[PDB]
Amino acid sequence: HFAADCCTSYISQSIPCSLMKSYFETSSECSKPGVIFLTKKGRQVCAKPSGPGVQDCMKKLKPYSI
């Protein structure tokens, strides 16, 4: 029961990938895209589309080594 999410601002420091269980990209329909990581502790972080290390965090969040 939700809709497309969007980031209003990116974090001010490196992304906390050491505590995120998954990650998701917003919809291009928003005036500004962005990928938010979902933390297992029940939280959300806002990051750019190609943030330095942000893509590495989402890469490790996807088990596909086979």
# chains A, B, ... in the order shown; residues from 1 in each chain; ligands from 1
>>> residues_around(residues="region 10-17 of chain A", least_positions_apart="4", cutoff="10 Å", atoms="only C-alpha atoms", output="ChimeraX atom specification")
/A:21-23,34-39,44-49,51-54,56-58,60-61
>>> write_last_selection(atoms="C-alpha atoms", output="PDB file, in the first residue's frame")
ATOM      1  CA  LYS A  21      20.191  -5.285   4.330  1.00  0.00           C
ATOM      2  CA  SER A  22      18.963  -4.193   0.873  1.00  0.00           C
ATOM      3  CA  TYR A  23      18.821  -1.205  -1.518  1.00  0.00           C
ATOM      4  CA  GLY A  34      18.196   8.607  -6.049  1.00  0.00           C
ATOM      5  CA  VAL A  35      18.748   5.200  -4.409  1.00  0.00           C
ATOM      6  CA  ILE A  36      17.754   4.569  -0.777  1.00  0.00           C
ATOM      7  CA  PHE A  37      19.249   1.690   1.229  1.00  0.00           C
ATOM      8  CA  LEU A  38      16.935  -0.172   3.631  1.00  0.00           C
ATOM      9  CA  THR A  39      18.572  -1.048   6.969  1.00  0.00           C
ATOM     10  CA  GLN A  44      16.446   4.326   5.349  1.00  0.00           C
ATOM     11  CA  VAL A  45      19.375   6.268   3.840  1.00  0.00           C
ATOM     12  CA  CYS A  46      19.346   8.562   0.779  1.00  0.00           C
ATOM     13  CA  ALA A  47      22.220   8.315  -1.726  1.00  0.00           C
ATOM     14  CA  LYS A  48      22.955   9.637  -5.229  1.00  0.00           C
ATOM     15  CA  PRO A  49      22.537   7.507  -8.350  1.00  0.00           C
ATOM     16  CA  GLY A  51      27.641   7.927  -5.357  1.00  0.00           C
ATOM     17  CA  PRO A  52      31.220   6.836  -4.683  1.00  0.00           C
ATOM     18  CA  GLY A  53      30.795   3.454  -2.963  1.00  0.00           C
ATOM     19  CA  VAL A  54      26.977   3.550  -3.171  1.00  0.00           C
ATOM     20  CA  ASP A  56      29.420  -1.070  -4.346  1.00  0.00           C
ATOM     21  CA  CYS A  57      27.000  -1.280  -1.404  1.00  0.00           C
ATOM     22  CA  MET A  58      24.096  -2.275  -3.668  1.00  0.00           C
ATOM     23  CA  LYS A  60      27.221  -6.600  -2.323  1.00  0.00           C
ATOM     24  CA  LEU A  61      23.519  -6.470  -1.365  1.00  0.00           C
TER      25      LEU A  61
END
>>> select_by_dssp(residues="chain A", states="helix (DSSP H, G or I)", output="VMD selection string")
chain A and resid 17 to 19 54 to 60
>>> select_by_dssp(residues="region 12-50 of chain A", states="strand (DSSP E)", output="ChimeraX atom specification")
/A:20-25,35-39,43-47
